[PDB]
Amino acid sequence: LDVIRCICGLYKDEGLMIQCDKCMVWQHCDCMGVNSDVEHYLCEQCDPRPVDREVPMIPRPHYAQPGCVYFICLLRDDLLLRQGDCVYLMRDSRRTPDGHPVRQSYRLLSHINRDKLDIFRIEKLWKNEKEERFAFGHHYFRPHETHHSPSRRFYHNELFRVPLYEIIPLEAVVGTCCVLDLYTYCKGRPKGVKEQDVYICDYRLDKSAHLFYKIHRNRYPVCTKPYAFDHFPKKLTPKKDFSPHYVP
Amino acid sequence: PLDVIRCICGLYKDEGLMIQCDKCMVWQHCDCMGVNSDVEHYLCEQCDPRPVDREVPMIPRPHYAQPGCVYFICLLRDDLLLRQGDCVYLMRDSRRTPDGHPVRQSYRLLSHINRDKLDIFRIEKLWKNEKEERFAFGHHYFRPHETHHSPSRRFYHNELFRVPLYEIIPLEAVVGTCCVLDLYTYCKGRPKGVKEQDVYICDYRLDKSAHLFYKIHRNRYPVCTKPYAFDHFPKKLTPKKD
Ligand SMILES: [Sr+2]
Ligand SMILES: [Zn+2]
Ligand SMILES: [Zn+2]
Ligand SMILES: [Zn+2]
Ligand SMILES: [Zn+2]
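Just so you know, the protein sequences line up as chains A and B, in that order.
Going by PDB author numbering, the first sequence opens with residue 2583, and the numbers climb by one from there.
Going by PDB author numbering, the second sequence opens with residue 2582, and the numbers climb by one from there.
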């Protein structure tokens, strides 16, 4: 089936890869510490061995500052985060309106209401000169955060891409979520994602957040193969019956 | 260097303009692959299959070249690529035609191959004539029994002697390649792919008479000892002359 089960948890078939001699899963040569010239190989499940779950960008980027190392995936304690992952973020706690957004540790959160957390797309991960983990990416706006006509209706799980970028400490990540296009949302669900953490986004906003532009190319496409994606028996037909203005 | 050189010529010279394959990381002569030295995206013939010509001409055509002759770095003898510097087995079976002129026959005629019943020859030049007939130029190696030596003189079992006896040969007269090394190299290791039976030692040259023996100081064709090209013996060999 050409199954990819790497430690990084990404399905990209870009670059050198290596197959296991027992379970037949493909893994990135860069993520594991192995050449493509090796004639025999076993994965970390078939051949249990220490694995560093934090994988550096092996083509080290040019924009990399000395002392800092860019990563394709990092660990937030026990939770693995990857480039292209959507996450829930702790709120901005600043009482100074001019100050930088201060987002506290996830460990301080009392009870998890995901609707009260900011949703964010990780574009970059890196360890700094002090080995502190950071992420860079853009925000997704919830429907109530947008300027719209009272007539406008949304999906209850609809979000909107916004050209608002931020550097965050990795501790500010509460958990992962899944942001799909409508078509993909209707077809199936990526393996190991909760129904309650699946959102729809087809539109981006301008800076005023009054203008709604259709997204043409999804920047981070999901693997649709059966080992990675659970196809629904029938395509969903969700309803745009949610209004931020008119809520109980 | 950690430079792996794998070109269609099969030579290991880091000399000349080189280009690296962005997939396998091997280096190839720009001059053999028909590419400029500064091509942003390069892939070799194995990573990006395409028609190649293994018969690579000498881009600086040599002065004093024979008229109507195109010179080459490497030429194909059927399926065997032969290169400048190669040591080869040569057919002894020959034919006369107009005058005395004996000419060595094709290797296709040979049924059973005996190494000792062939001549060892070093190829220096390779060319195609006007009719695209392939030829090689170079000098012979002499076996010990072919040398006029003092009765007391001892030899290695595979010892050969360089002689200034040059000949134009039709490429068809080549039976196969062998490997001629100095003692030091012979003792250190083997080039990849070579049979021991095709490995010989030469440290001395003779005169046209083959009575006088002179030690060679400068190897005309030094062999690449890089691990990708050369397997090193874990311990130096200890051959004894008798
Ligand atoms: Sr290049
Ligand atoms: Zn990987
Ligand atoms: Zn396995
Ligand atoms: Zn070449
Ligand atoms: Zn290549």
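All residues carry an ideal CB built from backbone N, CA and C; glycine is no exception.
List the residues that DSSP assigns as beta-bridge partners of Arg2635 of chain A.
In the DSSP output, where bridge partners are listed per residue, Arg2635 of chain A has none listed.
Look at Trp2608 of chain A and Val2585 of chain A and say whether their C-beta atoms are less than 8 Å apart.
Yes, Cβ-Cβ distance for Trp2608 of chain A and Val2585 of chain A is below 8 Å.
Chain-order list of residues whose beta-carbon lies under 7 Å from that of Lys2604 of chain B (same chain, five-residue window excluded):
These residues qualify, in order along the chain: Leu2624 and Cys2628.
When you get a sec, list the residues whose CB is within less than 7 Å of any heavy atom of ligand 5, chain order please.
Spelled out in chain order, the answer is B:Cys2602, B:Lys2604, B:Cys2605, B:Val2607, B:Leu2624, B:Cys2625, B:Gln2627 and B:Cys2628.
Under the rule that 16 or more other beta-carbon atoms within 10 Å means buried, what is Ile2600 of chain A, buried or exposed?
It counts as buried.
Does the separation of the CB atoms of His2720 of chain A and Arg2696 of chain A fall below 8 Å?
8 Å or more divides the Cβ of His2720 of chain A from the Cβ of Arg2696 of chain A.
Quick check: what's the CA-CA separation for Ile2589 of chain A versus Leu2661 of chain A?
Rounded to the nearest angstrom, the two C-alpha atoms are 13 Å apart.
How many whole angstroms separate the CB atoms of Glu2753 of chain B and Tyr2688 of chain B, which I take to be in contact at a CB cut-off of 8 Å?
The Cβ separation is near 6 Å, so the contact holds.
Same chain, Cβ closer than 8 Å to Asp2667 of chain B, neighbours up to 5 away in sequence not counted
Closer than 8 Å at Cβ, skipping near neighbours: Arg2703, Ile2704 and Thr2758.
Should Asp2595 of chain B go down as buried or exposed, given a rule of 16 or more other Cβ atoms within 10 Å for buried?
With fewer than 16 other CB atoms across the displayed protein chains lying within 10 angstroms of its CB, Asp2595 of chain B is exposed.
Quick check on the burial criterion: 16 or more other C-beta atoms within 10 angstroms. Buried or exposed for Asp2823 of chain B?
Exposed, since its Cβ has fewer than 16 Cβ neighbours within 10 Å.
Let me make sure I understand the geometry here. Which of B:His2813, B:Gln2686 and B:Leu2818 has the alpha-carbon closest to that of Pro2751 of chain B?
It is B:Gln2686 whose Cα lies nearest to the Cα of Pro2751 of chain B.
Quick check on the DSSP output: what are the complete beta strand (DSSP E) runs of length 3 or more inside the region 2697-2735 of chain B, in order along the chain?
Correct list: 2700-2709 and 2715-2723.
Contact between the region 2764-2780 of chain A and the region 2802-2819 of chain A (3+ Cβ pairs under 8 Å)
Taking 8 Å as the limit for Cβ pairs, the verdict is that the region 2802-2819 of chain A does touch the region 2764-2780 of chain A.
Work out the CA separation of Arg2631 of chain B and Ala2717 of chain B for me, nearest whole Å.
In a straight line, the C-alpha of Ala2717 of chain B is about 28 Å away from that of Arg2631 of chain B.
Give the C-beta separation of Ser2618 of chain B and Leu2598 of chain B to the nearest angstrom, bearing in mind that I take them to be a contact with Cβ-Cβ under 8 Å.
About 4 Å separates the CB atoms of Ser2618 of chain B and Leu2598 of chain B; that is less than 8 Å, so the two are in contact.
Taking buried to mean at least 16 other C-beta atoms within 10 Å of its own C-beta, is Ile2701 of chain A buried or exposed?
That one is buried.
Taking all protein chains shown into account, do 16 or more other C-beta atoms lie within 10 angstroms of the C-beta of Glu2714 of chain A, making it buried, or fewer, making it exposed?
Under this definition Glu2714 of chain A is an exposed residue.
Can the beta-carbon of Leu2657 of chain A be found less than 8 Å from the beta-carbon of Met2672 of chain A?
At the C-beta level, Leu2657 of chain A and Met2672 of chain A stay beyond 8 Å of one another.
Whole beta strand (DSSP E) runs in the region 2741-2780 of chain A with 3 or more residues, listed along the chain?
List check, beta strand (DSSP E) in window: 2742-2751, 2755-2762 and 2770-2772.
Does any heavy atom of ligand 1 sit closer than 7 Å to the C-beta of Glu2753 of chain A?
The answer is no for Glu2753 of chain A.
Identified DSSP bridge partners for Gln2609 of chain B:
BP columns for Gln2609 of chain B point to B:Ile2600.
Give a single yes or no on whether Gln2665 of chain B has its beta carbon closer than 7 Å to a heavy atom of ligand 4.
It does not: the Cβ of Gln2665 of chain B is nowhere closer than 7 Å to a heavy atom of ligand 4.
Between the region 2674-2682 of chain B and the region 2720-2740 of chain B, are three or more C-beta pairs nearer than 8 Å?
These segments do not touch.
Proximal residues to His2729 of chain B (C-beta, below 8 Å), its chain only, five neighbours per side dropped
The residues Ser2790, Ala2791 and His2792, in chain order, have a CB closer than 8 Å to that of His2729 of chain B in the same chain once the five nearest residues on each side in sequence are set aside.
With a threshold of 16 other CB atoms inside 10 Å of the CB of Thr2819 of chain A, please say whether the residue is buried or exposed.
By the 10 Å Cβ count, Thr2819 of chain A comes out exposed.
When burial is assigned at 16 or more other CB atoms within 10 Å of the CB, is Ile2782 of chain B buried or exposed?
Buried is the call here.
Is there at least one non-hydrogen atom of ligand 1 closer than 7 Å to the beta-carbon of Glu2740 of chain A?
In this structure, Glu2740 of chain A has its beta carbon at no less than 7 Å from each heavy atom of ligand 1.
Roughly how many angstroms separate the alpha carbons of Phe2723 of chain A and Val2761 of chain A, rounded to a whole number?
One alpha carbon belongs to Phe2723 of chain A, the other to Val2761 of chain A, and they sit about 12 Å apart.
Opposite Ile2782 of chain A in the DSSP bridges: which residues?
By DSSP's assignment, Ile2782 of chain A forms a beta bridge with A:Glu2740 and A:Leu2762.
Which runs of the alpha helix (DSSP H), 4 residues or longer, sit entirely within the region 2664-2695 of chain B?
The region 2664-2695 of chain B is shown to contain no whole alpha helix (DSSP H) run of 4 or more residues.
What does the alpha-carbon distance come out to for the pair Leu2583 of chain B and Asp2788 of chain B?
Answer to the nearest angstrom: the Cα atoms are 41 Å apart.
Nearest CA to the CA of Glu2636 of chain B: which residue from B:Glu2626, B:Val2780 and B:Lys2709?
Ranking the options by Cα distance to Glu2636 of chain B, first place goes to B:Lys2709.
Thinking just about the alpha-carbon of each residue, which of B:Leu2663, B:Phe2742 and B:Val2756 is nearest to the one in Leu2764 of chain B?
Of the candidates B:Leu2663, B:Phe2742 and B:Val2756, the one whose C-alpha sits nearest the C-alpha of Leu2764 of chain B is B:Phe2742.
Anticipated Cβ contact below 8 Å, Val2775 of chain B with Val2669 of chain B, distance rounded
About 13 Å; that fails the 8 Å criterion.
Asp2779 of chain A and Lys2796 of chain A closer than 8 Å at C-beta
With contacts defined as CB atoms closer than 8 Å, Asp2779 of chain A and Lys2796 of chain A fail to qualify as a contacting pair.
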